[PDB]
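Given as structure tokens, the chain that follows is alone and in the form solved without this ligand.
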């Protein structure tokens, strides 16, 4: 099964998460989990008026990481699935508020907050993977 995510709906969910993160003055910055958290981080940064945005990039190999234990930061990823990355991010940024747009059951309790529940066996098709394209009639 597929769960399709359009740009406008990703933004609806990210703005709903931003509303939950008010007031903005409680936060020092946002750390995006690359790559999935980049677009959500841009939306949160806009809504919260936060210009201090950093990244964490992991494959376990750390390609690049934001310094510190996450105190006063939001850490955002697009999805928590099995929770592999999530377990590592908690360990690296134990004082951050860790949030995602989507959560599958296995990696629901590994984040502090998320917007939308997705079943475990469903592939989430994010809008950066798609284009509006002619489709032949199903007939």
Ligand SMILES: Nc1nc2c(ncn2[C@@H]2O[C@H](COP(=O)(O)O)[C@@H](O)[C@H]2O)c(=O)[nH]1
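Residue numbers count along the first chain shown, from 1.
Beyond the structure shown, there is the form deposited with this ligand bound, which is absent from this document and is the topic of what follows.
- For the residues 42, 68, 84, 72, the 4.5 Å heavy atom test against this ligand in the deposited complex is passed only by 84.
- The stretch from 22-30, 72-80, 42-50, 89-97 that comes within 4.5 Å of this ligand in the deposited complex, counting heavy atoms only, is 72-80.
- Taking the partner from elsewhere, residue 126 is found to have a heavy atom lying within 4.5 Å of this ligand in the deposited complex.
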